[PDB]
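Single chain ahead, by itself, as structure tokens, in the form deposited in one PDB entry.
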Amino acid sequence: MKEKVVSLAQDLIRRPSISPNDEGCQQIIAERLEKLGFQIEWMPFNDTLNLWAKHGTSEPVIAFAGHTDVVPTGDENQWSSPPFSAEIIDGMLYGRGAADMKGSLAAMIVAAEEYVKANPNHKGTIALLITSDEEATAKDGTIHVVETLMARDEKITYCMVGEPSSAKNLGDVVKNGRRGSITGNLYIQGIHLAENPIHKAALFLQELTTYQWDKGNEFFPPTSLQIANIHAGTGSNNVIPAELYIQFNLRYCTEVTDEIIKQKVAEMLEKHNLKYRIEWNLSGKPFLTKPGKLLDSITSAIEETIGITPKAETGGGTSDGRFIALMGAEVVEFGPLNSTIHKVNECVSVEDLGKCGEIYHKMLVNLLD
């Protein structure tokens, strides 16, 4: 599997897919999958390309998720190997996206291809969910795919996000949780003395910024809140404003839900007698994948392939996992060393990419058979 993985990784690295421009990465991938009888669906939105490709006719649905976009290179003259050459030196594959995450994307694709080729009538559904914008504004990427699937009640049961998870040695870390994000765009209307609506708003703001959402848990720090924006008045003096806008964001853990958060904020506003409107913008749900089928399939795949037991951690780097978690899928993340991601001279071990393909493949085996 090494050479297949490496060859696909180089192919992708050679395509300079700075977000959100895919530069034909997904076209190469769809061409190899379609050839093997995967059903291909394109889900573009604005300037972002998204691919949803699947093989199978039943549950469980196992999605491999990743992105073809890469961050900018910076000064290409400060690279020892040109960033889109995909040079291999001393078993190290150099290039922007080598680690984050074209090498592990290639490994997930090759693993999926080999499993399907070997088992044309396999149980469940093996899917790839590939976006061209994880790294930038990312409003039109995985979130678009997930809203499309949800709109038509299509399910994903399990998801492996192939973001580079490993800290010091291949296999040493699997990510098994991420925080959610929700933004409140609050508009307080209508703005004797204690009845002033700016006073009632300030009463609200004081309760909001000292309310204890949770203490967190063993796996997450406590839910945090940011007041991102306060705006009343158009800039004219001696004119009382009609509206007071407050934008706040929570990065939240599994101790609370979007519904608890919405309800607490509604209660607080009612308690302080405020009239208002609010537009809520949910940017993903937290997840925490506990011991079970999904965590065990990837843990055992790593143990049996390279003889290391991963530690399960939450957070660190970024991923689209919280978007996928919006659908109720159970999510984990695994892939190669992340120390060089987003830096000059990004690289990845070619041997590790071969082992990653074996690992992804064995996870499919463990999760279906």
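For every residue, the number given is its place in the sequence shown, counted from 1. We call the rigid core the largest set of C-alpha positions that still match within 1.5 Å between the two forms.
Per the record, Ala136 and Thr137 are directly connected, as no deposited residue between them is missing from the model. Higher mean CA temperature factor between 65-73 and 42-50: 42-50, per the PDB entry. Stretches 262-270 and 235-243 differ in mean CA B factor, with 235-243 having the higher one. Remark: of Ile29, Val331, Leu337, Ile306, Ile306 shows the highest value [criterion: C-alpha B-factor in the PDB entry].
Per the deposited coordinates, the residue with the largest Cα temperature factor out of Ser85, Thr183, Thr131, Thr254 is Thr254. Sort the modelled residues of the chain by CA B factor and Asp296 lands in the middle third. Per the PDB record, residue ranking by Cα B-factor puts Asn281 in the highest third of the chain. Annotation for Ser104: C-alpha temperature factor in the lowest third relative to the rest of the modelled chain, per the entry.
In the deposited entry, the Cα temperature factor of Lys215 sits in the top third of values across the chain's modelled residues. Annotation for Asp140: C-alpha temperature factor in the middle third relative to the rest of the modelled chain, per the entry.
Although it is not shown, the form deposited in another entry is what the next lines describe.
Comparing C-alpha positions between the shown form and the other one after a rigid core fit, one residue in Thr157, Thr148, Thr257, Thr73 moves 2 angstroms or more. It is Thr257. Cα-Cα spacing of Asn281 to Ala136 is reduced in the other entry versus the present form (difference of at least 3 Å).
A shift of at least 3 angstroms pushes the Cα atoms of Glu59 and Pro286 further from each other in the other entry than in the displayed structure.
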